Amino acid sequence: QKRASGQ
Amino acid sequence: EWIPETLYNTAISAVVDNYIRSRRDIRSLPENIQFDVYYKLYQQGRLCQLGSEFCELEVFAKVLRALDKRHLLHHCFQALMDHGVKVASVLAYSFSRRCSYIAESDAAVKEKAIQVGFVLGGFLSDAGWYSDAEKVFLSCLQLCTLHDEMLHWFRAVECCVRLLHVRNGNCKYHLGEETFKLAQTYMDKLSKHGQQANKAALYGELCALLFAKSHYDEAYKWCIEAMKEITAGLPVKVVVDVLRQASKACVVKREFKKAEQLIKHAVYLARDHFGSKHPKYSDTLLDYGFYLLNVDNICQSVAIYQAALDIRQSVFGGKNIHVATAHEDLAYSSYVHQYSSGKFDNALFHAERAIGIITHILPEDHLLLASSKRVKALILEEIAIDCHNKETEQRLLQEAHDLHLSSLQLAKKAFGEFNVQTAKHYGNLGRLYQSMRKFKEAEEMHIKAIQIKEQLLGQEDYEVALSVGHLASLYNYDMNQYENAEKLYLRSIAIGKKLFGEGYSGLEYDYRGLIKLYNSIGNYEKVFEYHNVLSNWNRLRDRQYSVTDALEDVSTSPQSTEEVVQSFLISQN
Amino acid sequence: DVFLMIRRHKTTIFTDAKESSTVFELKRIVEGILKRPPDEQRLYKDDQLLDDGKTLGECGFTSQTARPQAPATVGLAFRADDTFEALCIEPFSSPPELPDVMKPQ
Amino acid sequence: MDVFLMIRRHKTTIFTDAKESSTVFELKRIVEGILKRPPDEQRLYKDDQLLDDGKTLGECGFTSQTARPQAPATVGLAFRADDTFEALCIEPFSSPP
Amino acid sequence: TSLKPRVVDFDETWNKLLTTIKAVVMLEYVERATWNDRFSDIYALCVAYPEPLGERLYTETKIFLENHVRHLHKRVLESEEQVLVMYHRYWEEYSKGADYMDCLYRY
Amino acid sequence: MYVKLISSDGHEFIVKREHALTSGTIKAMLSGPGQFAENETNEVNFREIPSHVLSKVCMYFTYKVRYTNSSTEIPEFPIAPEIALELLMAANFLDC
Amino acid sequence: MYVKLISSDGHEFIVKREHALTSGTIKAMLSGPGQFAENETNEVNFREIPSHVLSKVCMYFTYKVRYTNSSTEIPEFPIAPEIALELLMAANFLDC
Ligand SMILES: [Zn+2]
């Protein structure tokens, strides 16, 4: 994936 | 073996089948018998006959005295609210009406009304009807603020302690500070008479209030105050509440070493006195799952929430705010756990259940939606990315955008423009606009989130780290800005390794993006050494896959009360 | 602003007086109602002569305990000819006592 | 097969059980072992009608399907002051409200 | 009467209860009918009206048992050089009384 | 072996002790100073249980003892609706 | 400016005329042949309304008139449960 998990 | 039924349970069925012709005489029965007739009415499915007798306050006061069979009473009450009859509001209004009449009465009648109000408000707050438990507790306070005597200050400060719990849970944070000020005024009035009430519960409720408004600096100070105020004679429920709120305040200031001890002791106390099938044990389980999710122990956090939700679906019933909070907490934990796997089937099912309950029992302009919605608005995003279609992707991203806008509007109306929850919503919107290919809007939202969060939290806080990680992912993968992405990735990596060590899960999502960055810009030595770093990270990640269940990790009597409290207090120096 | 029920035998004068106003104005307001001079009448807050000099707030007629919802009663006698009579304030009536459903019967 | 009886004499409402093939003399034996009276001292009154000291409970007039333990068949009983065999005085239990 | 909740006064009922309970402990003879009526007294106290007197009954039983054990302690301590034998007989009496009061207080 | 459950109307309800011990309260009443093992039968005076409900309690004692651990189909105890509420109060007090 | 609301028992609830016209039925009774100013106060007979409920009616008159167009939050009128039904029929008859 590109970005981290949604906060 | 076919054991014949007890004459008690056989006569109960005969009484229920003859309910209409013997309804008046049932109210003149012992409390243990009278509750069992109503529980048999619920079991037989005759809710309308049962609900027409739980609407009366005095009849419901006797079934509230059966403290043993309260787990059955909660389930009957939740069945009645799902039935259609609004017994929670009817009982609250009946108590307030019958309460305004005996304001001028004698001390014995007012004492009886105060006790009935405490048991009824405690039931309605335990069941989750905070908008209806507030009226009962408001009427109890109105009785207490009539005669300026000795015991009335104690009962009024107890009322104001219970008003914070039914206002923090109802997201009435504007009235929470006023209620705390009134309670502190009454404690000062007590102190003027040489008597000091125990302030642990009030300070724990205020810590919950300040954590809810994202005031972690003040929440940590007030939980320190609450833990200093814990004595040996406190009830188990009060010390459990204080311990779990102090754990939630410690984990959000990233004092994980103290938060783990506080929440493990809270879970141990909840499992001892209350059991494994109690609402308070489920509350401690939710706070334990919050701890485990914040400390990159997500796989155990999912199982902890799954254990927490299964208690709330058994003690309570269907459309309940406690079951809804368990669903929205489990939906987010399953989301973060299955983020890499992509199996957002249970997470979406749990997030949809949470919204399907909160919308039914709360107004559309309520703050508790802003959590549930955004959780769905995360999962709906990741399903949109995983889906190969463009039509379904566009529809899901538009739905997630509507949900994120609604949640951001709710958070702005409740807290303000400069709150940490608003910063979280801005970061989520930035991620979504990155997914929606609106790169300029994503950059603006992420910059707004950084500007709001940097001043509120620490300069090198964990939330700032993950948000600069999101912004670096946007700059690297999408906006092809190859220097700002580099510096933000380095910041995120540094904060992650400073806080969680080398086992932080966001480290891989930073390293892969940074390797892609360097492959885009060159410096193959950097690429080689970061491949080595990623291999080492994978090694430490597979080594730390012990994932032993945290339910038995709290063990049996590892320490005791005023030892975890004492350790937490002495560690503050 | 204090609200009262000046009952004498069976009448019940529903008057409103200022909190700061004295008992003499309370006796004089009956001049426009029963047309008898304030000299030949005295008030009674549960067997308590209410003299002209002392104010309504001094004799316990606070606005909290004599709100319009439940005004505070005050007795009265009209001296007959020269000697005052006892408080013959008759009770209103007995409302039908609804049985308690929790009473065992 | 088991047959349950609710022998009654005045206030006494002695409960007992005996097989279908059991004899009335066995009920006399039970009453002797409980009420301390010889078998000739009492004669059972099945449905206010005299019962012979011999015979058996199977053809007496009640069986298992009509003398179940959850609804026993009442049986009268009376004694004598050596003569005239004073009549049974079974009173009703009470009036259910 | 009947097995229903009723307005029962705790004072005289508890006094009648105590005149039996003091003899239930320490193995003193009580009439069988009295012992059987004390069960109805316990039930009537426990399901009393308006408020059940189970809390008051439990508190009074705790106070009485504390006073009785204190009196037994004083009688044991005031006797010396024979403390073991009379303590053992007191313990046997109090153990039988505890079992019989658990039987009596079963409701 | 045959306890004498005396009701509030003076009715004696002589029944086997094995059956009567199925209720905890009768077992408690027969334990302690109220044992009194005289001539094999000892009375249990119920000062507040009527005869019309104590008869049903004794019939339930026989019903429950005879149907212990029985795989045969167990019919419901025939509690008349006119005495269902009293018997329930006599099923909590007696713990039967 | 005062009216004498005589109840059925004989209690003469002398209330201000501005308060009495809150109820439509009293305003109608004080119109026509009923507005004849006998003495100074118009004696209104209420042979069907007892005193224990007419007192509550007059209290409601002095409550609504005082608390009309109130800026602050208004407290509910205290109606006792035993009076509530009789004061329900008196509120309908008086149209207040
Ligand atoms: Zn219904």
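Residue numbers (the deposited numbering), protein chains in the order written: chain F, -5 to 1; chain B, 7 to 579; chain C, 2 to 106; chain G, 1 to 97; chain I, 1 to 107; chain H, 17 to 112; chain D, 17 to 112. Ideal placement from N, C-alpha and C gives every residue a C-beta, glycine not left out.
Cα-Cα separation, residue i to residue j
i, j, result
"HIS279(B)", "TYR14(B)", "29 Å"
"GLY123(B)", "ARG104(B)", "11 Å"
"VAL69(H)", "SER79(I)", "54 Å"
"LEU299(B)", "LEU374(B)", "20 Å"
"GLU28(D)", "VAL60(D)", "9 Å"
"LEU291(B)", "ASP555(B)", "13 Å"
"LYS264(B)", "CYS256(B)", "7 Å"
"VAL47(I)", "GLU89(D)", "43 Å"
"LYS419(B)", "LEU208(B)", "26 Å"
"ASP111(H)", "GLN65(C)", "54 Å"
"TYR551(B)", "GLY512(B)", "16 Å"
"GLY90(B)", "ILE367(B)", "11 Å"
"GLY26(D)", "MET17(D)", "21 Å"
"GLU469(B)", "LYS459(B)", "8 Å"
Contact set for residue i: own chain, Cβ-Cβ below 6 Å, skip 5 residues either direction
i, result
"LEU88(G)", "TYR45, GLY76, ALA78"
"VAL7(I)", "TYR49"
"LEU414(B)", "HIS431"
Any chain B beta carbon closer than 9 Å to residue i
i, result
"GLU92(D)", "yes"
"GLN106(C)", "yes"
"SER67(H)", "no"
C-beta atoms of residue i and residue j nearer than 9 Å
i, j, result
"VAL570(B)", "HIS271(B)", "yes"
"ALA107(D)", "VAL81(D)", "no"
"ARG173(B)", "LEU215(B)", "yes"
"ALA139(B)", "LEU130(B)", "yes"
"residue 5(B)", "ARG71(B)", "Look at the range of chain B in this structure, 7 to 579, and you will see that residue 5(B) is not part of it."
"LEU170(B)", "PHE160(B)", "no"
"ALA417(B)", "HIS407(B)", "no"
"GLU28(I)", "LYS22(I)", "yes"
"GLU449(B)", "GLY436(B)", "yes"
"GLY281(B)", "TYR287(B)", "yes"
"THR56(G)", "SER21(G)", "yes"
"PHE109(H)", "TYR107(I)", "yes"
"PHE15(G)", "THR41(H)", "no"
"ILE230(B)", "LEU575(B)", "yes"
"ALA113(B)", "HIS153(B)", "yes"
"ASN434(B)", "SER220(B)", "no"
"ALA337(B)", "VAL301(B)", "no"
"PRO39(C)", "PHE25(C)", "yes"
Any chain D beta carbon closer than 9 Å to residue i
i, result
"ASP2(C)", "yes"
"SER111(B)", "no"
"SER106(B)", "yes"
Test: residue i CB closer than 9 Å to a CB of chain H
i, result
"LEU17(I)", "no"
"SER40(I)", "yes"
"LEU3(I)", "yes"
"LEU57(I)", "no"
"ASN36(I)", "yes"
Chain F contact for residue i (CB, 9 Å cutoff)
i, result
"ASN434(B)", "yes"
"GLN267(B)", "no"
Chain I within 9 Å of residue i, Cβ atoms only
i, result
"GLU37(B)", "yes"
"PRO97(H)", "no"
is_contact[residue i, chain C] using C-beta, thresh 9 Å
i, result
"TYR49(I)", "yes"
"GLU64(B)", "yes"
Cβ neighbours of residue i in the same chain (closer than 7 Å, five flanking residues each side left out)
i, result
"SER23(H)", "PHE29, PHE62, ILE65, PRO66, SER67, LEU70"
"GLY58(G)", "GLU20, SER21"
Close-in-space but distant-in-sequence residues of the same chain around residue i (CB under 8 Å, 5 per side omitted)
i, result
"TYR44(B)", "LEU56, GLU59, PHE60, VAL69, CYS82"
- Message: Under 8 Å: do the segment 37 to 54 of chain H and the segment 33 to 46 of chain I share three or more Cβ pairs, one atom per stretch?
- Response: yes
- Query: Can you find at least 3 beta carbon pairs, one from the segment 55 to 69 of chain B and one from the segment 36 to 46 of chain B, that sit closer than 8 Å?
  - Reply: yes
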